[PDB]
Amino acid sequence: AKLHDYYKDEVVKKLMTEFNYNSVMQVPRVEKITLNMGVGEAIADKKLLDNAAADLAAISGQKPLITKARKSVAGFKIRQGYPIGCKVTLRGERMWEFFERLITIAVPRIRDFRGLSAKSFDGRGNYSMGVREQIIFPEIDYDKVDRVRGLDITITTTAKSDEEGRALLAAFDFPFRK
Amino acid sequence: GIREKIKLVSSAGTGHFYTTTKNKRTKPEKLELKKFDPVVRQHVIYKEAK
Amino acid sequence: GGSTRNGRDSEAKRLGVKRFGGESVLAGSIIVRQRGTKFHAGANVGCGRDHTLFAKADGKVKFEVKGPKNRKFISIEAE
Amino acid sequence: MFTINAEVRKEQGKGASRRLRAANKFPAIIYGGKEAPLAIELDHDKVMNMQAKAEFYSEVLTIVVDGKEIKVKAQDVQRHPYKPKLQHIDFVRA
Amino acid sequence: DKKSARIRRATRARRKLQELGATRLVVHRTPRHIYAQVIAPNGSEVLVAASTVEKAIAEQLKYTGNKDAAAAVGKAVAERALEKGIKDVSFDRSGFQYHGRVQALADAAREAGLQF
Amino acid sequence: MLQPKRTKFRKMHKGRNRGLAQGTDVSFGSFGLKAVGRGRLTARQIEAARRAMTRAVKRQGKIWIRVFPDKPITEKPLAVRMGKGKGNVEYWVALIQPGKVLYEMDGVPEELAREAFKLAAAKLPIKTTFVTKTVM
RNA sequence: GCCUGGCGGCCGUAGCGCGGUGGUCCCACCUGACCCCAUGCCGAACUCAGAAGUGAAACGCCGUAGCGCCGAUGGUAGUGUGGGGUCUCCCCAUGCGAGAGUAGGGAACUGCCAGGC
RNA sequence: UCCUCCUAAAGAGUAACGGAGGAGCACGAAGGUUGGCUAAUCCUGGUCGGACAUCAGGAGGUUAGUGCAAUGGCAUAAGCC
RNA sequence: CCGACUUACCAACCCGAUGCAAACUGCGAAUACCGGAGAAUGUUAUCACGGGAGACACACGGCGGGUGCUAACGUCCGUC
RNA sequence: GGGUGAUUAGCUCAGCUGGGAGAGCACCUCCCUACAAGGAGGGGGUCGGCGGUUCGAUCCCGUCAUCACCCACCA
């Protein structure tokens, strides 16, 4: 696959051919991004978040899911059997296709971009790179917009180290805060 | 109770009506399910529930 | 009160105990108000979700402990 | 604790235990040290006066069985619930 | 592992086909190889075995996991089962989905004389 | 004095004493008092014995009491004809047996521990006897 | 023999962690999907054509008292029977005889078969 | 009047105007069936969430769930989709 | 923006000393209770239908429990 | 002891369906004059305690704590 064919030999060599590494698949790689969008907060109107998931076609190319809640909770007016979000989460093929679209082209459209992720790493690719209100990806003929729209995204790996993950997130271009 | 017994008509126009226990006067939901018939013994659509 | 009632425990006590049998039909592990404690095995097929050992035979009931979690199984004994 | 003597026993349990504990003998056992357990009977004379001193449990003991002498250590002491009497004792090999 | 949660989906059906008893065909598949092995009700003996590991497939087929390689095992286990005189008994597919290469093996076995 | 604050049940079998139970071995200190008979024990007797030892040893050493009441027991408040269910619980009770060690001490002289347990034994319904650590 | 893999036997002492190791063969990532087929989302399952790369994740096999798991001997508790008494319970004779506690075990055994060496 | 969990002694039966909790209906669905799924709770981290929502990982474990009360059955789930 | 003193102050989780459960069970008996084949002794003792009942109000001694003050020539039950 | 009921703002209570606490008077403060009064704002509740049933417990259940009252009847 066209992203990994480069990453498996041309970069991160310090965890493939240097000290304590002779196995080339022992370094972490990107496979999943935890993109989610909720709808269960609008449970008293029931129509406010009815078609919000149908206008994510600029941030997720996949078909949404119906979902169910985790627990029946009264002060959130929700039953366990009731819909809570729409998923739209990218794993595999459409995740690498989004990793080529994040922070690569919309570079003249940023508001501050002071470093994205600075802390809260742990071992599972815990690099939170969400926008804090969207910048809109370059697209044909758009003219009407809304307030307080954005996404939350972490590039979570099947790993146990974000110390070794700091070599993965230094194999590609990514800012960090200084 | 307040739920009470109710009889259904059929799409075959049977004299025999099908019985269930179901509310009409305070919580109507109706019923249409198809069941066994006593006239040719090959089932009929019991419907409407008054 | 009021009352603590005491009620009853009722009869219908266990039939599926020791090597015995019938003459035409046997339900060698039939029990009331309990399910999922005993099961059927061998080549003769017992009852469904209740797994009671039923047989159309003069043969006697067999008690075994078999397979995973050493579960209680019932069959018909060869003589 | 200078050397003590014991004898092998074959009759055991309740009535034989109470008939051994007749103000004259005690039951004992020797186990561990990569060898099988051995059941023995012990005369009351020395062992009771020996278990008065804490060195009986923190220093090894020499025991004679079948005329031959071996090293052991004290491990457990079973007592009587309503009289000051010894019921049974354990020794471990060294 | 990538097999235990598949095997879990057959436990109930295995225990229902235990009411008919008799032999189990043990159809098993991997991306490079397709297998079938008729075992006794007690696991103590085997009747017949066929796979895409055999010289009668491994030089005829371009890949030993191919759809035609599953059909080639189907007609091979059948001609052996007929020679061992195996009659009408139930089918055993190790928790795999029948539609695909498992059905390709079973249909090629039905035309080759397997009683199913 | 001396009872739990929550209970799963309070109506109980009175029961009888087997004469055995756990005990015999001193393991909180070096000296103690043993029951050496059968009888009945209350919290008021335990407190009267606690109040006795604190006159002999005052602030010296530590004092351990491995005993606490075994059951709630029901009583009716006036002399009465029995019937119409059991009464209520105002005290708990224990049955004690000869092997029970009641009280243990350590940081004190032996001739004072024995004298303090003699003073405490005067508060108890039965004859009681002095016990030592027995080196094990 | 030793291994790779399959479905079982037995119903755990067989495990998990930590450590050792292989891909030659087997196997799992992995290659490609536009193709025959599909997902309450998906090349996850499933489908279909595989071998550019890998022994990492995973997987099989193995070693080891950190943890999960299992406990002998004797004495004791309990008990069946017959006899005695200083009988709100005990003794004597005798068949049966725990559990905790202690010493210790502990990382299986394996049946049938195809293939690799 | 009817259902049991204890009293009950591991045959049956069985004592307190004793101890604990219920039924006199509801469910066309929680029914038939094909295929698929695995809890609670507690810890940390994650956008517009501000003890608490959307969810990610761990620890945890016949502690969730099942119309309705106790016990019994439940992962091949009878629980949920 | 998180630090230091005190505290028979508390504690998930794990453990030792220690004393415990009928309405608790991650261990666990002895007898009793019943079926089948078979022998020995017997009062044919058996099981079943037909004719006739009478009776369904009882005390005590061991064994073991509940209940009472482990009081009563007390009380409620099991067992022989 | 035995029984029948109850506990919400300082005080007297509304609201006893399992759905997010309310009135009058007081308090404190302004307009009216020094003030009861007339008017307008501002402020505080484990809705007695502790477990349990549940999506959810002032509310339903059990049991205490406190409060009010009836009964010590048969000779």
# chains A, B, ... in the order shown; residues from 1 in each chain; ligands from 1
>>> select_by_dssp(residues="region 56-159 of chain A", states="helix (DSSP H, G or I)", output="list in words")
residues 74, 75, 76, 93, 94, 95, 96, 97, 98 and 99 of chain A
>>> write_last_selection(atoms="N, CA and C atoms", output="PDB file, in the first residue's frame")
ATOM      1  N   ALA A  74     -30.636   9.071  33.268  1.00  0.00           N
ATOM      2  CA  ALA A  74     -31.825   9.910  33.332  1.00  0.00           C
ATOM      3  C   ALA A  74     -31.580  11.403  33.044  1.00  0.00           C
ATOM      4  N   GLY A  75     -30.541  12.021  33.614  1.00  0.00           N
ATOM      5  CA  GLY A  75     -30.202  13.444  33.404  1.00  0.00           C
ATOM      6  C   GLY A  75     -29.658  13.748  31.999  1.00  0.00           C
ATOM      7  N   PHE A  76     -29.418  12.718  31.190  1.00  0.00           N
ATOM      8  CA  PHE A  76     -29.133  12.807  29.757  1.00  0.00           C
ATOM      9  C   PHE A  76     -30.276  12.219  28.899  1.00  0.00           C
ATOM     10  N   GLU A  93      -7.745   1.620   4.818  1.00  0.00           N
ATOM     11  CA  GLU A  93      -7.679   2.262   3.499  1.00  0.00           C
ATOM     12  C   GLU A  93      -8.037   3.759   3.451  1.00  0.00           C
ATOM     13  N   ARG A  94      -9.160   4.157   4.052  1.00  0.00           N
ATOM     14  CA  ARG A  94      -9.640   5.548   4.089  1.00  0.00           C
ATOM     15  C   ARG A  94      -9.022   6.370   5.228  1.00  0.00           C
ATOM     16  N   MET A  95      -8.185   5.763   6.077  1.00  0.00           N
ATOM     17  CA  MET A  95      -7.413   6.446   7.122  1.00  0.00           C
ATOM     18  C   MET A  95      -6.104   6.983   6.542  1.00  0.00           C
ATOM     19  N   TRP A  96      -5.363   6.167   5.791  1.00  0.00           N
ATOM     20  CA  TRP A  96      -4.154   6.613   5.087  1.00  0.00           C
ATOM     21  C   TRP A  96      -4.471   7.688   4.032  1.00  0.00           C
ATOM     22  N   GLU A  97      -5.624   7.568   3.375  1.00  0.00           N
ATOM     23  CA  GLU A  97      -6.176   8.573   2.453  1.00  0.00           C
ATOM     24  C   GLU A  97      -6.578   9.901   3.133  1.00  0.00           C
ATOM     25  N   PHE A  98      -6.758   9.899   4.456  1.00  0.00           N
ATOM     26  CA  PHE A  98      -7.038  11.090   5.265  1.00  0.00           C
ATOM     27  C   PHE A  98      -5.749  11.646   5.901  1.00  0.00           C
ATOM     28  N   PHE A  99      -4.772  10.789   6.209  1.00  0.00           N
ATOM     29  CA  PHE A  99      -3.424  11.169   6.657  1.00  0.00           C
ATOM     30  C   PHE A  99      -2.624  11.933   5.583  1.00  0.00           C
TER      31      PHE A  99
END
>>> interface_residues(of="chain H", to="chain B", cutoff="10 Å", atoms="only C-alpha atoms (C1' of nucleotides)", output="list in words")
residues 25, 26 and 28 of chain H
>>> interface_residues(of="chain I", to="chain F", cutoff="10 Å", atoms="only C-alpha atoms (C1' of nucleotides)", output="list in words")
residues 17, 18, 19, 20, 21, 22, 23, 65, 66, 67, 68 and 70 of chain I
>>> residues_around(residues="residue 7 (chain B)", least_positions_apart="2", cutoff="6 Å", atoms="only C-alpha atoms (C1' of nucleotides)", output="list in words")
residues 17, 18 and 19 of chain B
>>> residues_around(residues="region 40-43 of chain D", least_positions_apart="2", cutoff="8 Å", atoms="only C-alpha atoms (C1' of nucleotides)", output="list in words")
residues 5, 6, 7, 8, 9, 24, 25, 26, 27, 28, 29, 30, 38, 45, 46 and 47 of chain D
>>> write_last_selection(atoms="N, CA and C atoms", output="PDB file, in the first residue's frame")
ATOM      1  N   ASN D   5      15.762 -39.995  72.005  1.00  0.00           N
ATOM      2  CA  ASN D   5      15.416 -41.265  71.366  1.00  0.00           C
ATOM      3  C   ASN D   5      13.904 -41.395  71.094  1.00  0.00           C
ATOM      4  N   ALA D   6      13.530 -42.042  69.988  1.00  0.00           N
ATOM      5  CA  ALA D   6      12.153 -42.340  69.585  1.00  0.00           C
ATOM      6  C   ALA D   6      12.007 -43.763  69.001  1.00  0.00           C
ATOM      7  N   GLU D   7      10.771 -44.249  68.846  1.00  0.00           N
ATOM      8  CA  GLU D   7      10.435 -45.593  68.356  1.00  0.00           C
ATOM      9  C   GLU D   7       9.337 -45.511  67.281  1.00  0.00           C
ATOM     10  N   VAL D   8       9.345 -46.406  66.289  1.00  0.00           N
ATOM     11  CA  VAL D   8       8.354 -46.403  65.199  1.00  0.00           C
ATOM     12  C   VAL D   8       7.008 -46.967  65.681  1.00  0.00           C
ATOM     13  N   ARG D   9       5.907 -46.359  65.216  1.00  0.00           N
ATOM     14  CA  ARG D   9       4.507 -46.749  65.494  1.00  0.00           C
ATOM     15  C   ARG D   9       3.754 -47.127  64.214  1.00  0.00           C
ATOM     16  N   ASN D  24       2.464 -41.125  79.807  1.00  0.00           N
ATOM     17  CA  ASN D  24       3.700 -41.877  79.537  1.00  0.00           C
ATOM     18  C   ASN D  24       4.338 -41.609  78.151  1.00  0.00           C
ATOM     19  N   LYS D  25       3.565 -41.575  77.055  1.00  0.00           N
ATOM     20  CA  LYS D  25       4.047 -41.337  75.677  1.00  0.00           C
ATOM     21  C   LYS D  25       3.311 -40.194  74.953  1.00  0.00           C
ATOM     22  N   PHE D  26       3.907 -39.705  73.867  1.00  0.00           N
ATOM     23  CA  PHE D  26       3.333 -38.753  72.905  1.00  0.00           C
ATOM     24  C   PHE D  26       3.504 -39.263  71.461  1.00  0.00           C
ATOM     25  N   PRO D  27       2.592 -38.936  70.524  1.00  0.00           N
ATOM     26  CA  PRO D  27       2.819 -39.108  69.091  1.00  0.00           C
ATOM     27  C   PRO D  27       3.663 -37.955  68.519  1.00  0.00           C
ATOM     28  N   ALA D  28       4.486 -38.261  67.520  1.00  0.00           N
ATOM     29  CA  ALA D  28       5.262 -37.286  66.758  1.00  0.00           C
ATOM     30  C   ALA D  28       5.432 -37.722  65.291  1.00  0.00           C
ATOM     31  N   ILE D  29       5.905 -36.811  64.437  1.00  0.00           N
ATOM     32  CA  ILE D  29       6.245 -37.067  63.029  1.00  0.00           C
ATOM     33  C   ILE D  29       7.530 -36.345  62.608  1.00  0.00           C
ATOM     34  N   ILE D  30       8.254 -36.948  61.666  1.00  0.00           N
ATOM     35  CA  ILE D  30       9.426 -36.364  60.994  1.00  0.00           C
ATOM     36  C   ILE D  30       9.139 -36.334  59.489  1.00  0.00           C
ATOM     37  N   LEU D  38       7.726 -40.034  58.389  1.00  0.00           N
ATOM     38  CA  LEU D  38       7.912 -41.124  59.358  1.00  0.00           C
ATOM     39  C   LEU D  38       7.089 -40.863  60.629  1.00  0.00           C
ATOM     40  N   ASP D  45       9.565 -38.091  79.227  1.00  0.00           N
ATOM     41  CA  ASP D  45      10.588 -37.611  80.180  1.00  0.00           C
ATOM     42  C   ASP D  45      11.269 -36.259  79.861  1.00  0.00           C
ATOM     43  N   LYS D  46      11.928 -36.124  78.705  1.00  0.00           N
ATOM     44  CA  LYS D  46      12.788 -34.974  78.364  1.00  0.00           C
ATOM     45  C   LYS D  46      12.073 -33.924  77.517  1.00  0.00           C
ATOM     46  N   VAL D  47      11.411 -34.335  76.439  1.00  0.00           N
ATOM     47  CA  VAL D  47      10.814 -33.432  75.430  1.00  0.00           C
ATOM     48  C   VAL D  47       9.923 -32.326  76.005  1.00  0.00           C
TER      49      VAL D  47
END
>>> residues_around(residues="region 78-80 of chain E", least_positions_apart="4", cutoff="10 Å", atoms="only C-alpha atoms (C1' of nucleotides)", output="VMD selection string")
chain E and resid 47 to 50 73 to 74 84 to 86 105 to 106 108 to 115
>>> select_by_dssp(residues="region 40-130 of chain F", states="strand (DSSP E)", output="ChimeraX atom specification")
/F:40-42,63-64,71-72,92-96,101-105,129-130
>>> write_last_selection(atoms="N, CA and C atoms", output="mmCIF file, in the first residue's frame")
data_model
loop_
_atom_site.group_PDB
_atom_site.id
_atom_site.type_symbol
_atom_site.label_atom_id
_atom_site.label_comp_id
_atom_site.auth_asym_id
_atom_site.auth_seq_id
_atom_site.Cartn_x
_atom_site.Cartn_y
_atom_site.Cartn_z
ATOM 1 N N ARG F 40 -21.185 -17.999 80.497
ATOM 2 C CA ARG F 40 -21.838 -16.910 79.745
ATOM 3 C C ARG F 40 -21.095 -15.583 79.972
ATOM 4 N N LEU F 41 -20.802 -14.827 78.910
ATOM 5 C CA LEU F 41 -20.049 -13.561 78.929
ATOM 6 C C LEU F 41 -20.850 -12.393 78.310
ATOM 7 N N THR F 42 -20.864 -11.234 78.979
ATOM 8 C CA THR F 42 -21.505 -9.977 78.525
ATOM 9 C C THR F 42 -20.511 -8.822 78.337
ATOM 10 N N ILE F 63 -2.513 -3.603 76.092
ATOM 11 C CA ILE F 63 -3.482 -4.605 76.575
ATOM 12 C C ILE F 63 -4.408 -5.006 75.426
ATOM 13 N N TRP F 64 -4.396 -6.287 75.064
ATOM 14 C CA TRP F 64 -5.177 -6.833 73.955
ATOM 15 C C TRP F 64 -6.297 -7.751 74.444
ATOM 16 N N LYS F 71 -23.406 -13.285 69.620
ATOM 17 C CA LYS F 71 -24.754 -13.118 69.062
ATOM 18 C C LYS F 71 -25.522 -11.964 69.715
ATOM 19 N N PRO F 72 -26.450 -11.322 68.981
ATOM 20 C CA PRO F 72 -27.567 -10.606 69.585
ATOM 21 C C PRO F 72 -28.499 -11.604 70.287
ATOM 22 N N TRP F 92 -25.679 -7.833 73.582
ATOM 23 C CA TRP F 92 -25.195 -9.065 72.954
ATOM 24 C C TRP F 92 -24.561 -9.997 74.001
ATOM 25 N N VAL F 93 -24.455 -11.290 73.689
ATOM 26 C CA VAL F 93 -23.925 -12.330 74.590
ATOM 27 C C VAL F 93 -23.007 -13.316 73.861
ATOM 28 N N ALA F 94 -22.058 -13.908 74.589
ATOM 29 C CA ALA F 94 -21.198 -14.993 74.126
ATOM 30 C C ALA F 94 -21.175 -16.154 75.130
ATOM 31 N N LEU F 95 -21.074 -17.381 74.625
ATOM 32 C CA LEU F 95 -20.748 -18.563 75.418
ATOM 33 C C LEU F 95 -19.247 -18.836 75.261
ATOM 34 N N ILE F 96 -18.548 -18.994 76.386
ATOM 35 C CA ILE F 96 -17.095 -19.216 76.439
ATOM 36 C C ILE F 96 -16.775 -20.635 76.899
ATOM 37 N N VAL F 101 -8.510 -17.876 75.476
ATOM 38 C CA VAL F 101 -7.697 -16.798 76.049
ATOM 39 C C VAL F 101 -8.528 -15.522 75.916
ATOM 40 N N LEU F 102 -8.744 -14.827 77.027
ATOM 41 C CA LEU F 102 -9.633 -13.662 77.108
ATOM 42 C C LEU F 102 -8.874 -12.337 76.941
ATOM 43 N N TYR F 103 -7.743 -12.211 77.640
ATOM 44 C CA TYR F 103 -6.934 -10.995 77.745
ATOM 45 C C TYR F 103 -5.446 -11.338 77.617
ATOM 46 N N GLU F 104 -4.662 -10.463 76.978
ATOM 47 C CA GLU F 104 -3.215 -10.604 76.764
ATOM 48 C C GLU F 104 -2.465 -9.297 77.077
ATOM 49 N N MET F 105 -1.273 -9.422 77.668
ATOM 50 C CA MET F 105 -0.357 -8.332 78.033
ATOM 51 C C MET F 105 1.107 -8.714 77.757
ATOM 52 N N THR F 129 -7.629 -18.978 84.965
ATOM 53 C CA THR F 129 -6.236 -19.376 85.246
ATOM 54 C C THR F 129 -5.208 -18.692 84.332
ATOM 55 N N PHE F 130 -4.049 -18.343 84.903
ATOM 56 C CA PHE F 130 -2.954 -17.604 84.258
ATOM 57 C C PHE F 130 -2.156 -18.448 83.250
#
>>> residues_around(residues="residue 11 (chain A)", least_positions_apart="3", cutoff="9 Å", atoms="only C-alpha atoms (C1' of nucleotides)", output="ChimeraX atom specification")
/A:6-8,14,168,171-172
>>> write_last_selection(atoms="N, CA, C and O atoms", output="short mmCIF file (atom, residue, chain, number, x, y, z; two decimals), in the first residue's frame")
data_model
loop_
_atom_site.label_atom_id
_atom_site.label_comp_id
_atom_site.auth_asym_id
_atom_site.auth_seq_id
_atom_site.Cartn_x
_atom_site.Cartn_y
_atom_site.Cartn_z
N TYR A 6 6.78 3.22 1.53
CA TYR A 6 7.83 4.19 1.85
C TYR A 6 8.28 4.03 3.31
O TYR A 6 9.47 3.88 3.59
N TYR A 7 7.33 3.98 4.24
CA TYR A 7 7.61 3.88 5.68
C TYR A 7 8.34 2.59 6.11
O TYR A 7 9.09 2.60 7.08
N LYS A 8 8.15 1.48 5.39
CA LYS A 8 8.79 0.17 5.66
C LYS A 8 10.27 0.05 5.31
O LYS A 8 10.85 -1.03 5.51
N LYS A 14 16.40 4.10 12.32
CA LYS A 14 16.92 3.97 13.70
C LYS A 14 16.19 2.94 14.59
O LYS A 14 16.73 2.54 15.61
N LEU A 168 7.96 7.53 14.92
CA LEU A 168 6.89 7.47 13.90
C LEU A 168 6.38 8.89 13.58
O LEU A 168 6.39 9.30 12.42
N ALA A 171 8.94 10.64 11.54
CA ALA A 171 9.23 10.05 10.23
C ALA A 171 8.50 10.80 9.09
O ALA A 171 8.97 10.81 7.95
N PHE A 172 7.39 11.45 9.43
CA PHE A 172 6.55 12.31 8.60
C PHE A 172 6.57 13.75 9.15
O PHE A 172 6.97 13.96 10.30
#
>>> atom_distance(atom1="CA of residue 64 (chain E)", atom2="CA of residue 41 (chain E)")
29.2 Å
